[PDB]
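Scroll down for the structure; my scribbles are underneath it.
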Amino acid sequence: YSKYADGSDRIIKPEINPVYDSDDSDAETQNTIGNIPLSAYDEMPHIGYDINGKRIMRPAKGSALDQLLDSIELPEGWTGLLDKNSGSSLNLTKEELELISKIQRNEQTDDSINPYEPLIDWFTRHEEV
Amino acid sequence: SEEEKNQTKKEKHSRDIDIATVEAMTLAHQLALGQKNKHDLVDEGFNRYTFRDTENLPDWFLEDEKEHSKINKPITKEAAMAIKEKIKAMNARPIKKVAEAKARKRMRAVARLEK
Amino acid sequence: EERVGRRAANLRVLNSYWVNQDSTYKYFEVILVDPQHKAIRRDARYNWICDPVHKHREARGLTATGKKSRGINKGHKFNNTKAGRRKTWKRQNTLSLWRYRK
Amino acid sequence: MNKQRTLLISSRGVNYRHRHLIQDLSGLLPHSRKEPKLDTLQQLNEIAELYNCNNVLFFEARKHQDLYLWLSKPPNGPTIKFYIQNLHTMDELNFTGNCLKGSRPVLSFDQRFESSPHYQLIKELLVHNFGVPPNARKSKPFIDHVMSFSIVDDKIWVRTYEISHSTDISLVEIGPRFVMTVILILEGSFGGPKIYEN
Amino acid sequence: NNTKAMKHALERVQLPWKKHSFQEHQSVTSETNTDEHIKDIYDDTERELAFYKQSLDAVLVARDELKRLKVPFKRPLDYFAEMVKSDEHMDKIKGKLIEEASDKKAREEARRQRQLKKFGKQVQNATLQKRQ
RNA sequence: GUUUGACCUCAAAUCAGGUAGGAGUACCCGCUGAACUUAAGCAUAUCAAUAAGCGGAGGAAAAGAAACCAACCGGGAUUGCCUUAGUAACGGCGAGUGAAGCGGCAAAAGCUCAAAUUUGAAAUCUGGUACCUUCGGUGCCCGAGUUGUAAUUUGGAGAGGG
């Protein structure tokens, strides 16, 4: 479109917009404490601080009955580690648990695809002279 | 009595869902702590072993495939901890077996004064 | 290559290639020449294998993959193993003393 | 209102110390999309186009002692070739002090950066490239360090000082202390005629 | 070295900072400091202090303008978030500092104990005869 | 045709003919692998990619005709000797470890397959068998083999015609 300072033409591309997509090896954090142990905050009424500095309070004061229930019949997506957002145990969604099993028995991860597509002869369609 | 038969469809589902292996546990961590999202695992899901029929095939063939269709993915100690915390049942360490364990170690402490 | 060298001790391991692999086992297809066969002992392109300097080439890593694992090639990168790592170690770790001392 | 992203890339030929510079800058910059390695010039615009990068830090090393940073804006921006002489990394023991990993720095500058439009351009590019956006995803709130930039003997001396509090304020120097000798400025990104020479 | 295209570059690249808040820019320019006033230009002892003075200036100005807005400045000592240098690394530096302090004290007590071995006898007999 | 016949794969036979093991082991090619010691007590390190153990070869073995070195006014397979040189580089930058190109010299040597149709003709080979001028040759027969044996071609190109 336009040119350089000396004799040559340049291609003006539109500006690059820094967007955190569906996958960028990083997600919305909202707890903002890194690879530190959650041994800290076990004596606090909050789990860390976030951007623009305010107190991320611990969400609930559960019963002793429910805590004993979750150490006999463990929750559905129970993972044994502690969440960063809150001191409560990080569970897994039904869809993720389905996805782990479908890796281990190999069972077709990306759906809406055919395992057995007809061989579309993209090259033999046209005969050679 | 319909829910008596409809809830069991979830109760049997969450047995084919729950984590059993260290190899599944690591990937559950890699999800839980933000290292890999859904989109990353859907990429990794396409293996050397994808696009394989399993329902039509005779059992004497699948029982030799499934033994040898395990991709050795890297593990952590962090995952092995939780999977040992998941399998440990109720009667694993009662008062009886604790007292018996001390009854063993007292006998050992006696046997080293027998010399 | 070594296992097929022992089960078929009359033959000589020429080369081997990959055929199929698995979680537990990697498969290969070794290729073997009969040096005692008269169709090999004539024809001057293959009778080099009958020379007794090729008795078990696979046991001494003289095959393609053995020469790879020994690290035998050319250059800066293979200086520690170009004439063989045992040979070069023994050579460079030798106090060489002359009649008229250098 | 300010929304930017940096691409941290390397070349084959980068040694121990220079690898530690890519480590520590990826630490200090919360908007640093850290990338492993590149082998070859024209590709770097396209890498930036994939990750929606507003900036590209290309660390080159021709002879293995040297370092040449190619700071740039990807689509049509003026790229700047440096030669970084002195180096003292993050993991040098004489420096004492913890900055927060990727908190908002405060950019310090000099009088002589406004002397020419030449030094004015590097001043601006150091503001938004070496700086920070107000809402970067890995960025920590409470401000904890600075970025000292100053020119003496035609070269810009870069330091990162953690501010120290007592109960008014001190500041102990840490991090990558290095000079930047402005070698070359291209017209477009890694292409076109050269504007500035030494 | 044409400054024309350089100004054209300043047209495209720049974002209006004066037309917005300080928070979007956050860059206190230490103008009125050329940093050419330094004596011993290749000795880097006065230069360290001069750079320190410049840094401290920009900190104070940024403290004022950021206090003008309703955005906090100080680390509250209530968030224990991830830091640049690791804890084991900080234990290495602190280890080194306590090592050098203990070595300095070792040489101070070295002078002390040597003096005690040299004049210990005279200490005994002087204190005893003074007691008598 | 509910029969007969091609193949494919897998067997057996005191079948015909062969071949492998064990010894020696200085040197040579691999695999496997310590410790005493030395470093200041000492998880690195060092002795040491050593000794012991295990396999495999010959008169030599191995290596070897560049996915080599360089930065020149460019050299040109390997191996060995003098030199590089205690140099470059490694290392609580500690004890210590530690090359290579160049230059000189010893000795020198180059080649061969796979991948492009012999398709106007499997031109190839092993065995059995009868003779002969017998480390073999010739005749006939059973086979191997087109899922490829022969001739041509290997980058220094090369091939088909004139």
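FYI, it's all coordinate maths here, none of it is from the lab. Methodologically, a virtual Cβ is constructed for each residue, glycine included, from the backbone with ideal geometry; neighbour enumeration extends over all protein chains shown.
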Checklist line | Single unsatisfied condition, residue C:68 versus (1) within 8 Å of RNA strand F (Cβ to nearest atom); (2) under 30 Å from residue B:48 (Cβ atoms); (3) of a type in the set (D, E, K, R) | finding: (1)
Check: Inside the range E:69-91, can you point out the residues that are loosely packed, with under 14 Cβ neighbours inside 10 Å and among the acidic types (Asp, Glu)?
Finding: E:78, E:87, E:88, E:91
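Filter the range D:1-47 down to residues that are in a loop (DSSP other than H, G, I, E, B) and of a type in the set (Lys, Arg) and give me whichever is farthest from residue E:26 (Cα to Cα). Working first, answer last.
Going through the range D:1-47, the residues in a loop (DSSP other than H, G, I, E, B) turn out to be D:1-5, D:12-15, D:29-31, D:35-37, D:39-43.
Those still in the list that are of a type in the set (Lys, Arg) too: D:3, D:5, D:12, D:37.
Details: D:3: 14, D:5: 16, D:12: 35, D:37: 32 Å.
This residue is D:12.
Could you check the range D:168-198 and list, in sequence order, the residues that are within 14 Å of chain A (Cβ to nearest Cβ) and of a type in the set (A, V, I, L, M, F, W, C)? Working first, answer last.
Of the range D:168-198, the ones within 14 Å of chain A (Cβ to nearest Cβ) are D:185-197.
Of everything in the range D:168-198, those that are within 14 Å of chain A (Cβ to nearest Cβ) and of a type in the set (A, V, I, L, M, F, W, C) turn out to be D:185, D:186, D:190, D:195.
Can you tell me which residue in the range E:3-45 is surrounded by the most Cβ atoms within 10 Å (Cβ to Cβ), limited to those that are among the acidic types (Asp, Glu) and more than 7 Å from chain D (Cβ to nearest Cβ)? Even if it seems obvious, please write down each step before you answer.
Of the range E:3-45, the ones among the acidic types (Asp, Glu) are E:11, E:24, E:31, E:35-36, E:40, E:43-44.
From what's left, more than 7 Å from chain D (Cβ to nearest Cβ): E:11, E:40, E:43-44.
Details: E:11: 8, E:40: 9, E:43: 10, E:44: 14.
In this case the residue turns out to be E:44.
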Next item on the list: Residues being within 30 Å of residue E:80 (Cβ to Cβ), touching a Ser or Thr at 6+ places or on another chain (Cβ under 7 Å) and basic (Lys, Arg): count how many of those fall in the range D:100-131.
Entry: 1
Next item on the list: Looking only at the range A:37-44, decide whether some residue is in contact with a strand residue (DSSP E or B) (Cβ under 9 Å, 6 or more places away or on another chain), under 23 Å from residue B:88 (Cβ atoms) and facing another protein chain (nearest Cβ under 7 Å).
Entry: no
Item checked: Selection from the range C:71-86 of residues that are assigned to a loop (DSSP other than H, G, I, E, B), closer than 25 Å to residue C:2 by Cα, within 6 Å of RNA strand F (Cβ to nearest atom) and not aliphatic (A, V, I, L, M) -> C:73, C:82, C:84
Check: What number goes with the only condition from (1) surrounded by 12 or more Cβ atoms within 10 Å (Cβ to Cβ); (2) within 8 Å of RNA strand F (Cβ to nearest atom) that residue C:1 does not pass?
Finding: (2)
Margin query: Checking residue A:79 against (1) in a helix (DSSP H, G or I); (2) at the interface with chain B (Cβ under 7 Å from one of its Cβ atoms), only one condition comes out false. Which one?
Written below: (1)
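Being farther than 28 Å from residue A:87 by Cα, surrounded by 11 or more Cβ atoms within 10 Å (Cβ to Cβ) and β-branched (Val, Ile, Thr) narrows it down to one residue among A:16, A:56, A:47; which is it?
Values: A:56 fails: farther than 28 Å from residue A:87 by Cα; A:47 fails: farther than 28 Å from residue A:87 by Cα.
It is A:16.
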Checklist line | residue C:53 being in contact with a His (Cβ under 8 Å, 6 or more places away or on another chain) and either near RNA strand F (Cβ under 7 Å from one of its atoms) or more than 30 Å from residue B:69 (Cα to Cα) (or both) | finding: no
Note to self: Need the failing condition index for residue D:198 against (1) closer than 30 Å to residue A:7 by Cβ; (2) polar (S, T, N, Q); (3) outside any loop (DSSP other than H, G, I, E, B), just the number.
What the structure shows: (3)
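Given the criterion part of a loop (DSSP other than H, G, I, E, B) and under 28 Å from residue B:22 (Cα atoms), identify the matching residue among A:66, A:110. Break it down stepwise before answering.
Details: A:66 fails: part of a loop (DSSP other than H, G, I, E, B).
Only one candidate passes the filter, namely A:110.
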Next item on the list: Those residues that are within 11 Å of chain E (Cβ to nearest Cβ) and either surrounded by fewer than 18 Cβ atoms within 10 Å (Cβ to Cβ) or aromatic (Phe, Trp, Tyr) (or both), I need them from the range D:76-97; list them, please.
Entry: D:86, D:91, D:92, D:93, D:94, D:95, D:96
Next item on the list: Of the numbered conditions (1) farther than 21 Å from residue C:12 by Cα; (2) among the hydrophobic types (A, V, I, L, M, F, W, C); (3) not in a helix (DSSP H, G or I), residue C:62 fails exactly one; give the number of that condition.
Entry: (1)
Note to self: For a quick check of your reading: which helices (runs of 4 or more DSSP H) sit entirely within the range B:1-86 and have at least 3 residues that are surrounded by fewer than 16 Cβ atoms within 10 Å (Cβ to Cβ)?
What the structure shows: B:3-6, B:8-11, B:13-16, B:38-44, B:59-65
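Looking only at residues in the range C:4-25 that are among the small types (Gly, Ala, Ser) and within 11 Å of RNA strand F (Cβ to nearest atom), which one is surrounded by the most Cβ atoms within 10 Å (Cβ to Cβ)? So that I can check it myself, show each step before the final result.
Of the residues in the range C:4-25, the ones among the small types (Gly, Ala, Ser) are C:5, C:8-9, C:16, C:23.
From what's left, within 11 Å of RNA strand F (Cβ to nearest atom): C:5, C:8-9.
Numbers: C:5: 18, C:8: 13, C:9: 10.
By that ranking, first place goes to C:5.
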Check: Does the range C:87-99 contain at least one residue that is more than 7 Å from RNA strand F (Cβ to nearest atom), surrounded by 12 or more Cβ atoms within 10 Å (Cβ to Cβ) and away from every other protein chain (no Cβ under 14 Å)?
Finding: no
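Test residue D:162 against the stated conditions and say whether it is facing chain E (nearest Cβ under 9 Å), crowded, with 18+ Cβ neighbours inside 10 Å and more than 25 Å from residue D:96 (Cα to Cα).
On the way: facing chain E (nearest Cβ under 9 Å): yes; crowded, with 18+ Cβ neighbours inside 10 Å: yes; more than 25 Å from residue D:96 (Cα to Cα): no.
Considered against the rule, which asks whether it is facing chain E (nearest Cβ under 9 Å), crowded, with 18+ Cβ neighbours inside 10 Å and more than 25 Å from residue D:96 (Cα to Cα), residue D:162 comes out as no.
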Next item on the list: Could you pull out the residue among D:26, D:11 that is within 14 Å of another protein chain (Cβ to nearest Cβ) and surrounded by fewer than 20 Cβ atoms within 10 Å (Cβ to Cβ)?
Entry: D:26
Check: Looking only at residues in the range C:34-49 that are more than 9 Å from RNA strand F (Cβ to nearest atom) and under 28 Å from residue C:86 (Cβ atoms), which one is nearest to the other protein chains (Cβ to nearest Cβ)?
Finding: C:49
Notebook entry, point to check: Residues of the range A:88-129 being among the aliphatic types (A, V, I, L, M), at the interface with chain B (Cβ under 7 Å from one of its Cβ atoms) and either under 30 Å from residue A:38 (Cα atoms) or over 18 Å from the mean Cα position of the chain (by Cα) (or both), which ones?
Noted result: A:90, A:92, A:97, A:99, A:100
